[PDB]
């Protein structure tokens, strides 16, 4: 019933800008915190940022310069934008939520693959 679906660009040329959308259903974003995580075989799992139920936003300090997170409660979508893309940024990008009252405490999305090349 609850689903986190992320959309992305697929392949994208370096020093271009990334832009991903996390489409949520089944829950209210006012009651759940949404994180952005990416995974790759070489790099492992990395925490990018998050946006709390009450709108507060946090970033991976090491990446803040190029990142930008936001949300739209009415459309139940969360956004991530990354600048200065390098081949180094290819990975599976995921949005993950945590909160109380659902069947589960958290829901990990399906992931959207980003192939920078």
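Positions refer to the first chain, counted from 1.
Asker: Output the stretch having the higher mean C-alpha B factor in the entry; the candidates are 78-86 and 22-30.
Answerer: Per the PDB record, 78-86.
Asker: Averaging only over Cα atoms, indicate whether 96-104 or 6-14 has the higher B-factor in the PDB entry.
Answerer: Mean CA B-factor is higher for 96-104.
Asker: Would you please rank residue 91 by its C-alpha temperature factor against the other modelled residues of its chain and give the third it falls in: lowest, middle or highest?
Answerer: For residue 91, whose C-alpha B-factor we compare with every modelled residue in the chain, the answer is the lowest third.
Asker: Would you check the entry's CA temperature factor for residue 69 and let me know if it's in the chain's lowest, middle or highest third?
Answerer: Residue 69: CA B-factor falls in the middle third of its chain.
Asker: For residue 1, return the chain-relative third of its C-alpha B-factor as stated in the PDB record: lowest, middle or highest.
Answerer: Answer is middle: the recorded C-alpha B-factor places it there.
Asker: Going by what the PDB entry lists, where does residue 37 fall on CA B-factor within its chain: lowest, middle or highest third?
Answerer: It belongs to the lowest third of the chain when residues are ordered by C-alpha B-factor.
Asker: Just say lowest, middle or highest third for the CA B-factor of residue 62 relative to the other modelled residues in its chain.
Answerer: For residue 62, whose C-alpha B-factor we compare with every modelled residue in the chain, the answer is the highest third.
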